[PDB]
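K.L.:
Okay, so here is data-v1.pdb, and as you'll see once you scroll down, it has PDB, C-alpha atoms.
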ATOM      1  CA  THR A   4     -41.036 -33.445 -21.077  1.00  0.00           C
ATOM      2  CA  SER A   5     -38.837 -30.349 -21.430  1.00  0.00           C
ATOM      3  CA  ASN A   6     -35.480 -29.226 -20.059  1.00  0.00           C
ATOM      4  CA  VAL A   7     -33.589 -25.934 -19.927  1.00  0.00           C
ATOM      5  CA  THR A   8     -29.916 -26.083 -18.838  1.00  0.00           C
ATOM      6  CA  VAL A   9     -27.705 -23.024 -18.463  1.00  0.00           C
ATOM      7  CA  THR A  10     -23.984 -23.199 -17.653  1.00  0.00           C
ATOM      8  CA  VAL A  11     -22.093 -19.975 -16.958  1.00  0.00           C
ATOM      9  CA  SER A  12     -18.389 -19.519 -16.335  1.00  0.00           C
ATOM     10  CA  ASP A  13     -17.289 -15.867 -16.318  1.00  0.00           C
ATOM     11  CA  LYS A  14     -18.560 -14.635 -19.706  1.00  0.00           C
ATOM     12  CA  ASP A  15     -18.904 -18.091 -21.323  1.00  0.00           C
ATOM     13  CA  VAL A  16     -22.474 -19.405 -21.524  1.00  0.00           C
ATOM     14  CA  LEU A  17     -23.689 -22.859 -22.532  1.00  0.00           C
ATOM     15  CA  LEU A  18     -27.405 -23.378 -23.262  1.00  0.00           C
ATOM     16  CA  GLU A  19     -29.169 -26.680 -23.788  1.00  0.00           C
ATOM     17  CA  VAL A  20     -32.907 -26.957 -24.434  1.00  0.00           C
ATOM     18  CA  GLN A  21     -35.067 -29.994 -25.171  1.00  0.00           C
ATOM     19  CA  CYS A  22     -38.786 -29.554 -25.736  1.00  0.00           C
ATOM     20  CA  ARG A  23     -41.673 -30.173 -28.109  1.00  0.00           C
ATOM     21  CA  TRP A  24     -41.131 -28.157 -31.268  1.00  0.00           C
ATOM     22  CA  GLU A  25     -43.722 -25.628 -32.372  1.00  0.00           C
ATOM     23  CA  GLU A  26     -43.792 -23.028 -35.148  1.00  0.00           C
ATOM     24  CA  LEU A  27     -41.336 -20.135 -34.802  1.00  0.00           C
ATOM     25  CA  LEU A  28     -39.768 -21.724 -31.680  1.00  0.00           C
ATOM     26  CA  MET A  29     -36.193 -21.214 -32.914  1.00  0.00           C
ATOM     27  CA  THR A  30     -37.048 -17.598 -33.638  1.00  0.00           C
ATOM     28  CA  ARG A  31     -38.270 -16.949 -30.099  1.00  0.00           C
ATOM     29  CA  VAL A  32     -35.150 -18.635 -28.696  1.00  0.00           C
ATOM     30  CA  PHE A  33     -32.860 -16.414 -30.737  1.00  0.00           C
ATOM     31  CA  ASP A  34     -34.921 -13.327 -29.905  1.00  0.00           C
ATOM     32  CA  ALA A  35     -34.404 -14.180 -26.220  1.00  0.00           C
ATOM     33  CA  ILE A  36     -30.679 -14.720 -26.771  1.00  0.00           C
ATOM     34  CA  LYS A  37     -30.454 -11.356 -28.529  1.00  0.00           C
ATOM     35  CA  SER A  38     -32.302  -9.643 -25.672  1.00  0.00           C
ATOM     36  CA  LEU A  39     -29.826 -11.157 -23.168  1.00  0.00           C
ATOM     37  CA  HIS A  40     -26.893  -9.656 -25.153  1.00  0.00           C
ATOM     38  CA  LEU A  41     -25.422 -13.107 -25.799  1.00  0.00           C
ATOM     39  CA  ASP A  42     -23.149 -13.483 -28.834  1.00  0.00           C
ATOM     40  CA  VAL A  43     -23.641 -16.945 -30.317  1.00  0.00           C
ATOM     41  CA  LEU A  44     -20.440 -18.728 -31.304  1.00  0.00           C
ATOM     42  CA  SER A  45     -21.783 -22.198 -32.134  1.00  0.00           C
ATOM     43  CA  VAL A  46     -25.163 -23.892 -32.345  1.00  0.00           C
ATOM     44  CA  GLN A  47     -26.454 -27.388 -33.017  1.00  0.00           C
ATOM     45  CA  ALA A  48     -30.223 -27.686 -33.197  1.00  0.00           C
ATOM     46  CA  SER A  49     -32.717 -29.950 -34.903  1.00  0.00           C
ATOM     47  CA  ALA A  50     -36.244 -31.218 -34.321  1.00  0.00           C
ATOM     48  CA  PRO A  51     -36.659 -34.762 -35.626  1.00  0.00           C
ATOM     49  CA  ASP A  52     -40.108 -36.186 -34.842  1.00  0.00           C
ATOM     50  CA  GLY A  53     -41.307 -32.793 -33.591  1.00  0.00           C
ATOM     51  CA  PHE A  54     -38.944 -32.747 -30.589  1.00  0.00           C
ATOM     52  CA  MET A  55     -36.405 -29.932 -30.523  1.00  0.00           C
ATOM     53  CA  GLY A  56     -32.864 -30.415 -29.142  1.00  0.00           C
ATOM     54  CA  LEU A  57     -30.685 -27.330 -29.025  1.00  0.00           C
ATOM     55  CA  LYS A  58     -27.107 -26.736 -27.876  1.00  0.00           C
ATOM     56  CA  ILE A  59     -25.668 -23.228 -27.989  1.00  0.00           C
ATOM     57  CA  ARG A  60     -22.276 -21.909 -26.909  1.00  0.00           C
ATOM     58  CA  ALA A  61     -22.220 -18.137 -26.464  1.00  0.00           C
ATOM     59  CA  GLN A  62     -20.397 -15.238 -24.884  1.00  0.00           C
ATOM     60  CA  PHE A  63     -21.815 -12.311 -22.916  1.00  0.00           C
ATOM     61  CA  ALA A  64     -21.476  -8.991 -24.777  1.00  0.00           C
ATOM     62  CA  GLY A  65     -23.217  -6.588 -22.385  1.00  0.00           C
ATOM     63  CA  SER A  66     -21.923  -4.676 -19.387  1.00  0.00           C
ATOM     64  CA  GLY A  67     -21.513  -6.018 -15.893  1.00  0.00           C
ATOM     65  CA  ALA A  68     -21.967  -9.563 -14.645  1.00  0.00           C
ATOM     66  CA  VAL A  69     -24.050 -12.349 -16.153  1.00  0.00           C
ATOM     67  CA  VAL A  70     -27.254 -13.223 -14.286  1.00  0.00           C
ATOM     68  CA  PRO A  71     -27.773 -16.945 -14.986  1.00  0.00           C
ATOM     69  CA  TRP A  72     -31.358 -17.270 -13.740  1.00  0.00           C
ATOM     70  CA  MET A  73     -32.367 -14.465 -16.123  1.00  0.00           C
ATOM     71  CA  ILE A  74     -31.010 -16.563 -18.993  1.00  0.00           C
ATOM     72  CA  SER A  75     -32.960 -19.523 -17.687  1.00  0.00           C
ATOM     73  CA  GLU A  76     -36.109 -17.409 -17.327  1.00  0.00           C
ATOM     74  CA  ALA A  77     -35.940 -15.977 -20.843  1.00  0.00           C
ATOM     75  CA  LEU A  78     -35.466 -19.417 -22.412  1.00  0.00           C
ATOM     76  CA  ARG A  79     -38.360 -20.881 -20.463  1.00  0.00           C
ATOM     77  CA  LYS A  80     -40.486 -17.935 -21.546  1.00  0.00           C
ATOM     78  CA  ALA A  81     -39.428 -18.590 -25.145  1.00  0.00           C
ATOM     79  CA  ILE A  82     -40.579 -22.234 -25.123  1.00  0.00           C
TER      80      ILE A  82
ATOM     81  CA  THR B   4     -13.564 -14.552 -48.829  1.00  0.00           C
ATOM     82  CA  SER B   5     -17.221 -15.613 -48.458  1.00  0.00           C
ATOM     83  CA  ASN B   6     -19.685 -18.169 -49.855  1.00  0.00           C
ATOM     84  CA  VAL B   7     -23.477 -17.999 -49.687  1.00  0.00           C
ATOM     85  CA  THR B   8     -25.623 -20.794 -51.117  1.00  0.00           C
ATOM     86  CA  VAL B   9     -29.417 -20.838 -51.051  1.00  0.00           C
ATOM     87  CA  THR B  10     -31.637 -23.652 -52.333  1.00  0.00           C
ATOM     88  CA  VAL B  11     -35.420 -23.366 -52.439  1.00  0.00           C
ATOM     89  CA  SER B  12     -37.854 -26.202 -53.097  1.00  0.00           C
ATOM     90  CA  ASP B  13     -41.477 -25.135 -52.659  1.00  0.00           C
ATOM     91  CA  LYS B  14     -41.481 -23.970 -49.036  1.00  0.00           C
ATOM     92  CA  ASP B  15     -38.240 -25.732 -47.957  1.00  0.00           C
ATOM     93  CA  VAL B  16     -35.124 -23.580 -47.801  1.00  0.00           C
ATOM     94  CA  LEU B  17     -31.496 -24.652 -47.337  1.00  0.00           C
ATOM     95  CA  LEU B  18     -28.902 -21.976 -46.452  1.00  0.00           C
ATOM     96  CA  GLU B  19     -25.145 -22.450 -46.312  1.00  0.00           C
ATOM     97  CA  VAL B  20     -22.721 -19.656 -45.423  1.00  0.00           C
ATOM     98  CA  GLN B  21     -18.934 -19.586 -45.057  1.00  0.00           C
ATOM     99  CA  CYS B  22     -17.232 -16.338 -44.052  1.00  0.00           C
ATOM    100  CA  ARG B  23     -14.916 -14.776 -41.519  1.00  0.00           C
ATOM    101  CA  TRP B  24     -16.522 -14.665 -38.075  1.00  0.00           C
ATOM    102  CA  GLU B  25     -16.952 -11.332 -36.345  1.00  0.00           C
ATOM    103  CA  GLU B  26     -18.895 -10.245 -33.266  1.00  0.00           C
ATOM    104  CA  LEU B  27     -22.714 -10.542 -33.458  1.00  0.00           C
ATOM    105  CA  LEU B  28     -22.532 -12.296 -36.850  1.00  0.00           C
ATOM    106  CA  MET B  29     -24.901 -15.026 -35.701  1.00  0.00           C
ATOM    107  CA  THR B  30     -27.315 -12.386 -34.463  1.00  0.00           C
ATOM    108  CA  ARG B  31     -27.334 -10.518 -37.764  1.00  0.00           C
ATOM    109  CA  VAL B  32     -27.979 -13.793 -39.605  1.00  0.00           C
ATOM    110  CA  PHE B  33     -30.932 -14.704 -37.405  1.00  0.00           C
ATOM    111  CA  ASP B  34     -32.205 -11.127 -37.630  1.00  0.00           C
ATOM    112  CA  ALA B  35     -32.118 -11.565 -41.404  1.00  0.00           C
ATOM    113  CA  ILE B  36     -33.816 -14.952 -41.176  1.00  0.00           C
ATOM    114  CA  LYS B  37     -36.591 -13.550 -38.986  1.00  0.00           C
ATOM    115  CA  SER B  38     -37.222 -10.675 -41.358  1.00  0.00           C
ATOM    116  CA  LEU B  39     -37.583 -13.217 -44.228  1.00  0.00           C
ATOM    117  CA  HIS B  40     -40.318 -15.104 -42.304  1.00  0.00           C
ATOM    118  CA  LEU B  41     -38.275 -18.310 -42.370  1.00  0.00           C
ATOM    119  CA  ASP B  42     -39.011 -20.851 -39.652  1.00  0.00           C
ATOM    120  CA  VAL B  43     -35.738 -22.559 -38.765  1.00  0.00           C
ATOM    121  CA  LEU B  44     -35.929 -26.323 -38.272  1.00  0.00           C
ATOM    122  CA  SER B  45     -32.240 -27.194 -37.972  1.00  0.00           C
ATOM    123  CA  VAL B  46     -28.929 -25.356 -37.587  1.00  0.00           C
ATOM    124  CA  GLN B  47     -25.312 -26.449 -37.541  1.00  0.00           C
ATOM    125  CA  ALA B  48     -22.959 -23.533 -37.033  1.00  0.00           C
ATOM    126  CA  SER B  49     -19.463 -23.045 -35.646  1.00  0.00           C
ATOM    127  CA  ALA B  50     -16.370 -20.910 -36.203  1.00  0.00           C
ATOM    128  CA  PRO B  51     -13.244 -22.932 -35.447  1.00  0.00           C
ATOM    129  CA  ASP B  52     -10.384 -20.509 -36.013  1.00  0.00           C
ATOM    130  CA  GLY B  53     -11.937 -17.250 -37.054  1.00  0.00           C
ATOM    131  CA  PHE B  54     -13.941 -18.789 -39.913  1.00  0.00           C
ATOM    132  CA  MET B  55     -17.680 -19.286 -39.567  1.00  0.00           C
ATOM    133  CA  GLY B  56     -19.447 -22.236 -41.192  1.00  0.00           C
ATOM    134  CA  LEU B  57     -23.238 -22.358 -41.173  1.00  0.00           C
ATOM    135  CA  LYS B  58     -25.923 -24.716 -42.504  1.00  0.00           C
ATOM    136  CA  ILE B  59     -29.601 -23.951 -41.913  1.00  0.00           C
ATOM    137  CA  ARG B  60     -32.723 -25.830 -42.978  1.00  0.00           C
ATOM    138  CA  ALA B  61     -35.918 -23.776 -42.775  1.00  0.00           C
ATOM    139  CA  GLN B  62     -39.476 -23.497 -43.982  1.00  0.00           C
ATOM    140  CA  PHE B  63     -41.279 -20.437 -45.298  1.00  0.00           C
ATOM    141  CA  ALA B  64     -43.943 -19.231 -42.877  1.00  0.00           C
ATOM    142  CA  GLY B  65     -45.469 -16.282 -44.748  1.00  0.00           C
ATOM    143  CA  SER B  66     -48.029 -15.962 -47.509  1.00  0.00           C
ATOM    144  CA  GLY B  67     -47.391 -16.268 -51.231  1.00  0.00           C
ATOM    145  CA  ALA B  68     -44.306 -17.589 -52.980  1.00  0.00           C
ATOM    146  CA  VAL B  69     -40.708 -17.692 -51.768  1.00  0.00           C
ATOM    147  CA  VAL B  70     -38.499 -15.188 -53.556  1.00  0.00           C
ATOM    148  CA  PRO B  71     -35.119 -16.950 -53.562  1.00  0.00           C
ATOM    149  CA  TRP B  72     -32.905 -13.970 -54.412  1.00  0.00           C
ATOM    150  CA  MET B  73     -34.432 -12.211 -51.396  1.00  0.00           C
ATOM    151  CA  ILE B  74     -32.965 -14.843 -49.063  1.00  0.00           C
ATOM    152  CA  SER B  75     -29.502 -14.807 -50.623  1.00  0.00           C
ATOM    153  CA  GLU B  76     -29.318 -11.042 -50.706  1.00  0.00           C
ATOM    154  CA  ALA B  77     -30.367 -10.634 -47.068  1.00  0.00           C
ATOM    155  CA  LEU B  78     -27.768 -13.219 -46.031  1.00  0.00           C
ATOM    156  CA  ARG B  79     -25.079 -11.372 -47.967  1.00  0.00           C
ATOM    157  CA  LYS B  80     -25.909  -8.080 -46.217  1.00  0.00           C
ATOM    158  CA  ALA B  81     -25.802  -9.892 -42.855  1.00  0.00           C
ATOM    159  CA  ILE B  82     -22.137 -10.758 -43.411  1.00  0.00           C
TER     160      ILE B  82
END
What does the file become when written as structure tokens?

P.N.:
Amino acid sequence: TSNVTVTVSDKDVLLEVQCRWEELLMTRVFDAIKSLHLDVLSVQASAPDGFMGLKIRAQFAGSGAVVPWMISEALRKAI
Amino acid sequence: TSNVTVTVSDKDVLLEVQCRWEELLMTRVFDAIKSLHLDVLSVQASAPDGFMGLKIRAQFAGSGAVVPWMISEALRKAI
């Protein structure tokens, strides 16, 4: 049971992820976020009972328009 | 005006940071955390007004002993 939710309005990006935690998961998520040129402005994340729940609010820092499915793809690749 | 607090108990690590937010701050912090081989298990972070507040609980993933001043120094450079 695992969900990836991406909400995009102009340059504002909301990310929610729920999945089974495994080692270095949070690191892969933030690597993905870095590689999407997303600037994180707030995060709540924890993994009680080995199940990660993550909520991130971010802003797009690169050039051009945001491609939401690319965000969704990178997160799914990270978990 | 900035505060960095690092607590180490065996392999558990608790980081708290308060400083002025600026662009890509969160990314520099997680870059630092990655390069310290810390596996992040929980994060609460936000910057209401321009002032970032951050609490991270992590576990050391590398070999050998944790070197606490390493963590605090890398965090200070990330600011």

K.L.:
Report the residues retrieved by the PyMOL selection byres ((chain A and resi 44-50) around 6) from the displayed file, expressed as a PyMOL selection string.

P.N.:
(chain A and resi 43+51+53-61) or (chain B and resi 44-49)

K.L.:
So the first atom is CA of residue 8 in chain B and the second is CA of residue 52 in chain A; what is the distance between them in Å, to one decimal place?

P.N.:
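Atom-to-atom, CA of residue 8 in chain B and CA of residue 52 in chain A are spaced 26.7 Å apart.
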
K.L.:
I'd like to know which of B:5, B:10, B:66, B:30 is closest to chain A, using only C-alpha atoms.

P.N.:
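Ranking B:5, B:10, B:66, B:30 by distance to chain A, first place goes to B:30.
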
K.L.:
Is it possible to get the superposed chain A, fitted on chain B over all Cα pairs by sequence order, as a PDB file with C-alpha atoms, in the frame of the given file?

P.N.:
ATOM      1  CA  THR A   4     -13.227 -15.920 -49.175  1.00  0.00           C
ATOM      2  CA  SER A   5     -16.973 -16.093 -48.477  1.00  0.00           C
ATOM      3  CA  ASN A   6     -19.916 -18.030 -49.890  1.00  0.00           C
ATOM      4  CA  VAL A   7     -23.696 -17.767 -49.614  1.00  0.00           C
ATOM      5  CA  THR A   8     -25.746 -20.703 -50.985  1.00  0.00           C
ATOM      6  CA  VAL A   9     -29.538 -20.793 -51.011  1.00  0.00           C
ATOM      7  CA  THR A  10     -31.567 -23.825 -52.116  1.00  0.00           C
ATOM      8  CA  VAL A  11     -35.345 -23.513 -52.404  1.00  0.00           C
ATOM      9  CA  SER A  12     -37.864 -26.215 -53.219  1.00  0.00           C
ATOM     10  CA  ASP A  13     -41.483 -25.123 -52.710  1.00  0.00           C
ATOM     11  CA  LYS A  14     -41.453 -23.930 -49.079  1.00  0.00           C
ATOM     12  CA  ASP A  15     -38.267 -25.786 -48.039  1.00  0.00           C
ATOM     13  CA  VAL A  16     -35.160 -23.597 -47.792  1.00  0.00           C
ATOM     14  CA  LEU A  17     -31.544 -24.640 -47.284  1.00  0.00           C
ATOM     15  CA  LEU A  18     -28.955 -21.979 -46.374  1.00  0.00           C
ATOM     16  CA  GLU A  19     -25.201 -22.413 -46.274  1.00  0.00           C
ATOM     17  CA  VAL A  20     -22.808 -19.588 -45.404  1.00  0.00           C
ATOM     18  CA  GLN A  21     -19.028 -19.584 -45.023  1.00  0.00           C
ATOM     19  CA  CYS A  22     -17.241 -16.370 -44.115  1.00  0.00           C
ATOM     20  CA  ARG A  23     -14.880 -14.701 -41.668  1.00  0.00           C
ATOM     21  CA  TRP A  24     -16.536 -14.536 -38.268  1.00  0.00           C
ATOM     22  CA  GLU A  25     -17.048 -11.194 -36.567  1.00  0.00           C
ATOM     23  CA  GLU A  26     -18.876 -10.147 -33.399  1.00  0.00           C
ATOM     24  CA  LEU A  27     -22.667 -10.534 -33.442  1.00  0.00           C
ATOM     25  CA  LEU A  28     -22.545 -12.208 -36.894  1.00  0.00           C
ATOM     26  CA  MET A  29     -24.858 -15.063 -35.864  1.00  0.00           C
ATOM     27  CA  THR A  30     -27.275 -12.497 -34.486  1.00  0.00           C
ATOM     28  CA  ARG A  31     -27.460 -10.586 -37.766  1.00  0.00           C
ATOM     29  CA  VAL A  32     -27.967 -13.857 -39.660  1.00  0.00           C
ATOM     30  CA  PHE A  33     -30.883 -14.846 -37.456  1.00  0.00           C
ATOM     31  CA  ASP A  34     -32.337 -11.334 -37.605  1.00  0.00           C
ATOM     32  CA  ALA A  35     -32.282 -11.653 -41.409  1.00  0.00           C
ATOM     33  CA  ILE A  36     -33.883 -15.100 -41.237  1.00  0.00           C
ATOM     34  CA  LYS A  37     -36.602 -13.720 -38.965  1.00  0.00           C
ATOM     35  CA  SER A  38     -37.242 -10.819 -41.350  1.00  0.00           C
ATOM     36  CA  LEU A  39     -37.633 -13.295 -44.250  1.00  0.00           C
ATOM     37  CA  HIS A  40     -40.326 -15.198 -42.269  1.00  0.00           C
ATOM     38  CA  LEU A  41     -38.260 -18.394 -42.319  1.00  0.00           C
ATOM     39  CA  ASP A  42     -38.939 -20.942 -39.568  1.00  0.00           C
ATOM     40  CA  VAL A  43     -35.678 -22.659 -38.649  1.00  0.00           C
ATOM     41  CA  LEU A  44     -35.922 -26.421 -38.216  1.00  0.00           C
ATOM     42  CA  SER A  45     -32.237 -27.340 -37.877  1.00  0.00           C
ATOM     43  CA  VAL A  46     -28.924 -25.516 -37.698  1.00  0.00           C
ATOM     44  CA  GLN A  47     -25.263 -26.468 -37.522  1.00  0.00           C
ATOM     45  CA  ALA A  48     -22.879 -23.557 -37.112  1.00  0.00           C
ATOM     46  CA  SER A  49     -19.453 -23.006 -35.624  1.00  0.00           C
ATOM     47  CA  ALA A  50     -16.482 -20.705 -36.143  1.00  0.00           C
ATOM     48  CA  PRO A  51     -13.214 -22.502 -35.418  1.00  0.00           C
ATOM     49  CA  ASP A  52     -10.178 -20.320 -36.167  1.00  0.00           C
ATOM     50  CA  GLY A  53     -12.409 -17.285 -36.742  1.00  0.00           C
ATOM     51  CA  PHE A  54     -14.065 -18.738 -39.864  1.00  0.00           C
ATOM     52  CA  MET A  55     -17.812 -19.280 -39.650  1.00  0.00           C
ATOM     53  CA  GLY A  56     -19.541 -22.244 -41.355  1.00  0.00           C
ATOM     54  CA  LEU A  57     -23.312 -22.334 -41.120  1.00  0.00           C
ATOM     55  CA  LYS A  58     -25.924 -24.776 -42.419  1.00  0.00           C
ATOM     56  CA  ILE A  59     -29.603 -24.061 -41.832  1.00  0.00           C
ATOM     57  CA  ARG A  60     -32.699 -25.964 -42.929  1.00  0.00           C
ATOM     58  CA  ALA A  61     -35.869 -23.881 -42.743  1.00  0.00           C
ATOM     59  CA  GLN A  62     -39.427 -23.552 -43.950  1.00  0.00           C
ATOM     60  CA  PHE A  63     -41.220 -20.480 -45.292  1.00  0.00           C
ATOM     61  CA  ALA A  64     -43.958 -19.235 -42.935  1.00  0.00           C
ATOM     62  CA  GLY A  65     -45.180 -16.117 -44.756  1.00  0.00           C
ATOM     63  CA  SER A  66     -47.766 -15.672 -47.482  1.00  0.00           C
ATOM     64  CA  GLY A  67     -47.230 -16.200 -51.172  1.00  0.00           C
ATOM     65  CA  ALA A  68     -44.185 -17.569 -52.955  1.00  0.00           C
ATOM     66  CA  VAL A  69     -40.580 -17.611 -51.779  1.00  0.00           C
ATOM     67  CA  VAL A  70     -38.238 -15.161 -53.520  1.00  0.00           C
ATOM     68  CA  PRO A  71     -34.823 -16.876 -53.412  1.00  0.00           C
ATOM     69  CA  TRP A  72     -32.658 -13.909 -54.422  1.00  0.00           C
ATOM     70  CA  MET A  73     -34.164 -11.917 -51.537  1.00  0.00           C
ATOM     71  CA  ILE A  74     -32.930 -14.626 -49.166  1.00  0.00           C
ATOM     72  CA  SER A  75     -29.528 -14.435 -50.796  1.00  0.00           C
ATOM     73  CA  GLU A  76     -29.525 -10.632 -50.562  1.00  0.00           C
ATOM     74  CA  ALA A  77     -30.458 -10.535 -46.879  1.00  0.00           C
ATOM     75  CA  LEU A  78     -27.750 -13.048 -45.945  1.00  0.00           C
ATOM     76  CA  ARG A  79     -25.106 -11.163 -47.888  1.00  0.00           C
ATOM     77  CA  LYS A  80     -26.224  -7.972 -46.173  1.00  0.00           C
ATOM     78  CA  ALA A  81     -25.936  -9.760 -42.823  1.00  0.00           C
ATOM     79  CA  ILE A  82     -22.299 -10.800 -43.365  1.00  0.00           C
TER      80      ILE A  82
END

K.L.:
From the set B:72, B:7, B:32, B:13, which residue has the shortest atom-to-atom contact distance to chain A, counting all atoms listed in the file?

P.N.:
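Once distances to chain A are computed over all atoms listed in the file, the minimum belongs to B:32.
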
K.L.:
Could you tell me which residues the PyMOL selection byres ((chain B and resi 28) around 10) grabs in this file, written as a list in words?

P.N.:
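Residues picked by the PyMOL selection byres ((chain B and resi 28) around 10): residues 42, 43 and 44 of chain A; 22, 23, 24, 25, 26, 27, 29, 30, 31, 32, 33, 34, 55, 81 and 82 of chain B.
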
K.L.:
Taking all atoms of range 19-26 of chain A that appear in the file, build a box with edges along x, y and z, extend it by 4 Å on every side, and state its centre and edge lengths in Å to one decimal, as JSON.

P.N.:
{"center_x": -36.5, "center_y": -26.6, "center_z": -29.5, "size_x": 22.6, "size_y": 15.1, "size_z": 19.4}

K.L.:
Report, in Å to a single decimal, how far apart CA of residue 12 in chain B and CA of residue 37 in chain A are.

P.N.:
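If I compute the distance from CA of residue 37 in chain A to CA of residue 12 in chain B, I get 29.6 Å.
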
K.L.:
Mind pulling up the distance from CA of residue 63 in chain A to CA of residue 15 in chain A?

P.N.:
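CA of residue 63 in chain A lies 6.7 Å from CA of residue 15 in chain A.
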